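Colleague:
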Amino acid sequence: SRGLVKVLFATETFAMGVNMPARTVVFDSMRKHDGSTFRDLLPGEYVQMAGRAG
RNA sequence: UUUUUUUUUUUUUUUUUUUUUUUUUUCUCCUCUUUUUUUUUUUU
Numbered sequence: 652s653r654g655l656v657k658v659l660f661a662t663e664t665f666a667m668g669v670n671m672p673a674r675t676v677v678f679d680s681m682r683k684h685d686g687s688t689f690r691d692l693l694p695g696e697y698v699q700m701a702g703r704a705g
């Protein structure tokens, strides 16, 4: 919140919705693990994690 | 190459009182033998 930490590593517990967005967001993978079907992401998810950068 | 969420030890306290040991039965009941009754007295 105070900007004293630069690089953050977080799972979906912090991804899909937050206020106070930083400037840049990066993705290290294309897939995700839902409840034992091992699907990929959908636009409803990509909008929320990546829709908060400004 | 396996993420996200599912609360926990019932609330209450700042009510008066002018009595006194016990406690409640048992029925009428043939007394055998020398006597009048002796007696002063003195030594404690």
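Take the position in the first sequence, starting the count at 1, then add 651; the result is the number in the entry's author numbering.
Think of the CB as a built atom: it goes at the ideal place given N, C-alpha and C, for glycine as much as any other residue.
1) Just to confirm before moving on: does the CB-CB distance between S652 and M671 stay below 9 Å?
2) Which two residues bound the contiguous alpha helix (DSSP H) that contains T664?
3) Could you check the C-alpha separation between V656 and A673 for me, to the nearest Å?
Modeller: In terms of the structure at hand:
1) yes
2) 663-666
3) 11 Å
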